[PDB]
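> before the rest arrives, take these chains from my complex:
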Amino acid sequence: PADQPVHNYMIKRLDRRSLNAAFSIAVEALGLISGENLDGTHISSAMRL
């Protein structure tokens, strides 16, 4: 007699992980970037760059 074409089956599980990193900003160099108080010459200065 002939043979029937078998086929398989499997169930795989997702194994979960996570990686994380971080940095930090100084309080001194904080107000130099965001704050819109710097009017005329402190927007294009060397310290802000």
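It's in. Numbers count the residues shown, from 1 in each chain, chains lettered A, B, ... in the order given.

> chain A: helices as residue ranges?
Assigned by DSSP state H, the helices in chain A number zero.

> quick check: residue A:30 vs residue A:24, distance?
As defined by C-beta to C-beta, to the nearest Å, residue A:30 lies at a distance of 11 Å from residue A:24. Bear in mind the C-beta positions are built from the backbone N, C-alpha and C, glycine included.

> more neighbours: which of those two?
In terms of neighbours (other C-beta atoms under 10 Å), residue A:30 is the more surrounded of residue A:30 and residue A:24; the figures are 10 against 4.

> residues contacting that one?
By C-beta atoms under 8 Å, 6 or more residues apart in numbering, residue A:30 lies in contact with nothing.

> that one and residue A:49, how far apart?
Separation of residue A:30 from residue A:49 (C-beta to C-beta): 16 Å.

> likewise for residue A:42?
Going from residue A:42 to residue A:49 by C-beta to C-beta gives 11 Å.

> okay, the two: which has more neighbours?
residue A:42 (12 against 6).

> I'd say the more buried one and residue A:35 touch.
No: counting by C-beta atoms under 8 Å, residue A:42 does not reach residue A:35; the two are 9.7 Å apart.

> chain B comes next; put it on the structure above:
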Amino acid sequence: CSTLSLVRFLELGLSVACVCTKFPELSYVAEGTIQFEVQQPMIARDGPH
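Next up, chain B placed on what we already have:
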């Protein structure tokens, strides 16, 4: 109730002693020294120095 009579510094008298000027980025640039000398006068004494 009672109010809080505010007082301005520039409208005081002591303001004559000091020149006040706002320096926004100082706390950042305060990491190093500023270090400016001033002067010293000198008489022209006779005889070769």
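
> from start to finish, how long is stretch A:38-49 in a straight line?
13 Å (C-alpha to C-alpha, to the nearest Å).

> pull out the buried residues from that stretch.
Buried residues in stretch A:38-49, counted by 16 or more other C-beta atoms under 10 Å in any protein chain shown: residue A:38.

> quick one: that stretch near chain B?
Yes: counting by C-beta under 8 Å from any C-beta of the partner chain, chain B has neighbours in stretch A:38-49: A:38, A:42, A:45, A:47-48.

> now, which of those sits nearest residue A:10?
residue A:48 (58.7 Å; C-beta to C-beta).

> return the residues in contact with the closest one.
Going by C-beta atoms under 8 Å, 6 or more residues apart in numbering or on different chains, residue A:48 touches A:32-33, A:38, A:42, B:25.

> so what does residue B:43 look like in phi/psi?
Residue B:43 adopts backbone torsions of phi -80, psi 150, taken as degrees, to the nearest 10.

> and it, how close does it get to chain A?
42 Å (C-beta to the nearest C-beta, to the nearest Å).
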